[PDB]
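First the structure, in the form of structure tokens, and then the observations on it.
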Number of protein chains: 2
Amino acid sequence: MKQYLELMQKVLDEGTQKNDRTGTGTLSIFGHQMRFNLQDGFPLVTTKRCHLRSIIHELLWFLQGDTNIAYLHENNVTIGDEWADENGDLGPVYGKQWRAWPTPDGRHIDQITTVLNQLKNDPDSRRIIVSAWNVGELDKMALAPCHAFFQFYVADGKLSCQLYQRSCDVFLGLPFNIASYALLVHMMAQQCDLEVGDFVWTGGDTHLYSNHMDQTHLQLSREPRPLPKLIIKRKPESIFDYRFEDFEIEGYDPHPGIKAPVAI
Amino acid sequence: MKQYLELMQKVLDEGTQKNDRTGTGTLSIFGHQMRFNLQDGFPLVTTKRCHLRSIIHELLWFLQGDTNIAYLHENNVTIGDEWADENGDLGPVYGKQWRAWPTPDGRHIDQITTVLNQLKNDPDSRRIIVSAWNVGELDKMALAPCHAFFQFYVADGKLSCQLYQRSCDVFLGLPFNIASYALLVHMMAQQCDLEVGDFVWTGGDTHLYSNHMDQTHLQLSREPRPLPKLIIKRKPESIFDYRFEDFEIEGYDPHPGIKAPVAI
Ligand SMILES: C#CCN(Cc1ccc2[nH]c(N)nc(=O)c2c1)c1ccc(C(=O)N[C@@H](CCC(=O)O)C(=O)O)cc1
Ligand SMILES: C#CCN(Cc1ccc2[nH]c(N)nc(=O)c2c1)c1ccc(C(=O)N[C@@H](CCC(=O)O)C(=O)O)cc1
Ligand SMILES: *c1cc(=O)[nH]c(=O)n1[C@H]1C[C@H](O)[C@@H](COP(=O)(O)O)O1
Ligand SMILES: *c1cc(=O)[nH]c(=O)n1[C@H]1C[C@H](O)[C@@H](COP(=O)(O)O)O1
């Protein structure tokens with residue numbers, strides 16, 4: 001899509017060569033923002049085929065507070081394979097912090113439920129937030145949260161959300177992330193009887209990997225196509241009852257997919 | 001400042017009537033981002049008389065992990081009197097989380113010192129972050145962190161930082177917050193022998209209080225003037241050893257000041 005392609009070109013134009021953890025090398029810019037009016041279509045990149053299926057499973061995996069790739073493998077999702085340990089454990093990452101942030105005094109904060117309640121009984125709150133950046137458990141996670149801080153907002157019956165992604169692999173990761181939260185907004189919006197608003201994406205270290213250049217140029221040479229439409233065949237009792245079969249994608253006519261090696 | 005006046009003007013045209021935890025009412029938008037290249041000058045609003053004293057004391061206060069308004073009240077800084085308790089306590093706010101974020105297992109993380117080391121030994125890191133949004137303590141705090149999460153970044157010998165402010169009172173707080181972080185950047189920079197880069201400001205609920213409309217139109221009629229230059233007269237041996245008398249501002253020729261009420 002346009003915002004995405006423009007972000008690619010932006011990095012290409014004013015990015016700086018920078019070494020990195022993986023040792024792969026990147027071209028990066030710091031700080032960026034784009035918006036997607038969910039009412040214009042589900043934001044699923046078209047300049048290359050994307051498997052919305054793997055995205056759904058990763059999200060449902062979070063909403064259950066699970067952090068062992070076992071469930072993912074149960075559905076053929078290999079996105080955690082290069083970092084999980086022998087027991088398929090990544091650590092107290094996304095899921096654990098989302099449903100059960102451990103307080104030093106014994107409590108466990110279920111943030112998703114907190115936000116839900118706020119959206120229903122206090123949509124005006126400016127503190128409707130979910131954070132995966134729990135400093136106290138960083139060292140235990142197999143990898144630091146990329147999408148680490150998001151906020152919800154409601155106005156004129158529309159639900160919006162902005163994500164803060166401290167680190168972002170524009171070519172391989174961004175498309176997953178955008179679709180992820182966009183998806184979460186629909187679900188929340190459905191449970192809270194609200195319409196979908198905008199999904200504001202904000203980034204920190206927005207980079208393009210040295211070995212993703214050729215593919216980026218290939219995608220950037222393709223013309224974006226109409227955005228598809230998210231279809232939820234059923235309204236579950238809670239935001240914790242969605243299953244992969246409840247989601248449907250219509251009108252998605254993406255360009256051929258493009259493979260690229262991930263930096264471990 | 002141009003960017004600030006553009007944001008202020010945007011809230012007017014596109015803003016939406018909302019209601020806040022303070023029966024004051026507001027006109028807000030959700031999600032915005034501005035960029036301040038510190039190389040062009042210290043970002044201290046000029047279309048309104050301001051001063052660093054309070055901002056300086058607060059930051060030094062934060063850097064010490066202090067959360068009691070004694071230091072502030074001492075030098076006559078009232079910014080936090082309307083919310084502290086009979087003992088001057090605000091609870092575990094900003095400074096507490098910055099210098100001693102409590103893990104779930106009896107330990108405390110000094111995020112500042114951590115970042116200090118990350119910039120000196122691992123500048124390419126995409127995990128140099130500081131958060132005050134400790135979910136397990138949000139209910140022990142007198143007030144929820146507005147400037148709740150920020151990140152650092154290095155490139156070509158220049159330190160840059162981005163702040164995620166989930167709640168922002170455009171007329172009153174923004175000018176304070178902006179110059180506050182800018183200052184921290186210059187401080188971190190000196191402490192690491194780096195030069196200052198960009199201060200990226202990102203906001204969630206960006207509102208304009210309904211009882212600030214008059215002073216907003218007044219400020220909008222003024223022409224921004226050249227930004228001033230910051231001078232740190234001494235180089236402490238620690239980012240925690242700075243003294244109020246270390247800061248100077250040269251070339252600040254602002255328009256008259258504008259008084260406004262604080263939504264409690
Ligand atoms: C984001 C996210 C979730 N994750 C988590 C995750 C973990 C580490 C990461 N590390 C790096 N350097 N890039 C990422 O974006 C990244 C993302 C993913 C991880 C890998 C792939 C991946 O390589 N997909 C390939 C191959 C697809 C396939 O197997 O069919 C692709 O071409 O998309 C996708 C998602
Ligand atoms: C941010 C921050 C710290 N704080 C914290 C703080 C707490 C609650 C808030 N509440 C609201 N509605 N907006 C804010 O910006 C805000 C700021 C401050 C609190 C008050 C003032 C204040 O009343 N300033 C006046 C007078 C300043 C002067 O003496 O020149 C002003 O109009 O500037 C400034 C900062
Ligand atoms: C992390 C996973 C995700 O949800 N999205 C991504 O974009 N990323 C990328 C960022 C970076 O290239 C890598 C994480 O590495 P690091 O922790 O920033 O060193 O995956
Ligand atoms: C909080 C303090 C700060 O450092 N900067 C500010 O702009 N804010 C403002 C935001 C909001 O108008 C008010 C706090 O409101 P709430 O806690 O989000 O309801 O202070």
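Values reported hereafter were calculated over all heavy atoms of this structure, with side chains retained and with hydrogens, waters and symmetry mates removed. In the text below, chain A, chain B and the rest are named by the order of the sequence lines, each starting its count at 1.
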Next item on the list: Output every pair passing salt bridge (charged side-chain N to carboxylate O under 4.0 Å, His left out) with a member in residues 142-152 of chain B, not counting sequence neighbours, ordered by first then second residue.
Entry: none
Notebook entry, point to check: With only heavy atoms counted, which part of A:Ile29 is less than 4.5 Å from chain B, the side chain, the backbone, both or neither?
Noted result: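 The backbone, not the side chain.
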Quick one: donor-acceptor pairs between chain B and chain A, under 3.5 Å, side chains and backbone, table format.
residue, atom, partner, partner atom, Å
B:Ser28, OG, A:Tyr153, OH, 3.1
B:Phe30, O, A:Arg35, NH1, 2.9
B:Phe30, O, A:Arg35, NH2, 3.0
B:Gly31, O, A:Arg35, NH2, 2.7
B:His32, O, A:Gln33, NE2, 3.4
B:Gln33, NE2, A:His32, O, 3.1
B:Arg35, NH1, A:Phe30, O, 3.1
B:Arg35, NH1, A:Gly31, O, 3.3
B:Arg35, NH2, A:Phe30, O, 2.6
B:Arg126, O, A:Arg166, NH1, 2.8
B:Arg126, NE, A:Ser167, OG, 3.2
B:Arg126, NH1, A:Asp20, OD2, 3.3
B:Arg126, NH1, A:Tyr209, OH, 3.4
B:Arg126, NH2, A:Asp20, OD2, 3.2
B:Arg126, NH2, A:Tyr209, OH, 2.9
B:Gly136, O, A:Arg107, NH2, 2.9
B:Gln151, OE1, A:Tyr164, OH, 2.9
B:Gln151, NE2, A:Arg166, O, 3.1
B:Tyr153, OH, A:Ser28, O, 3.4
B:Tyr153, OH, A:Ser28, OG, 2.9
B:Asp156, OD2, A:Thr16, OG1, 3.4
B:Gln162, NE2, A:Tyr164, OH, 3.1
B:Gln162, NE2, A:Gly203, O, 3.1
B:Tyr164, OH, A:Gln151, NE2, 2.5
B:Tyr164, OH, A:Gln162, NE2, 3.1
B:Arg166, NH1, A:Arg126, O, 2.8
B:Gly203, O, A:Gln162, NE2, 3.2
B:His207, NE2, A:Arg126, NH2, 3.4
B:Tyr209, OH, A:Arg126, NH1, 3.0
B:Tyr209, OH, A:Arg126, NH2, 3.1

Check: Tell me, side chain or backbone of B:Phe152 under 4.5 Å from chain A's heavy atoms, or both, or neither?
Finding: backbone
Notebook entry, point to check: What heavy-atom pair brings B:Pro104 and A:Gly136 nearest, and what distance separates the two atoms?
Noted result: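 Residues B:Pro104 and A:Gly136, closest heavy atoms: CD-O, 4.0 Å.
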Checklist line | Contacts of type side chain to side chain contact (heavy atoms under 4.5 Å, CB included), residue A:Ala179, not counting sequence neighbours | finding: A:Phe42, A:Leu44, A:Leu52, A:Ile55
Check: Taking only residues two or more places apart in sequence or in another chain, which ones pass side chain to side chain contact (heavy atoms under 4.5 Å, CB included) with B:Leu194?
Finding: B:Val154, B:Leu159, B:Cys192
Notebook entry, point to check: Relative to chain B, which of A:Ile129, A:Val130, A:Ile128, A:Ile109 shows the most heavy atom pairs under 4.5 Å?
Noted result: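 Ranked by contacts with chain B, first place is A:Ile129.
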Item checked: Nearest-0.5 Å distance that lies between atom CZ in A:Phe149 and atom CZ in B:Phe150 ->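 It is 12.5 Å, given to the nearest 0.5 Å.
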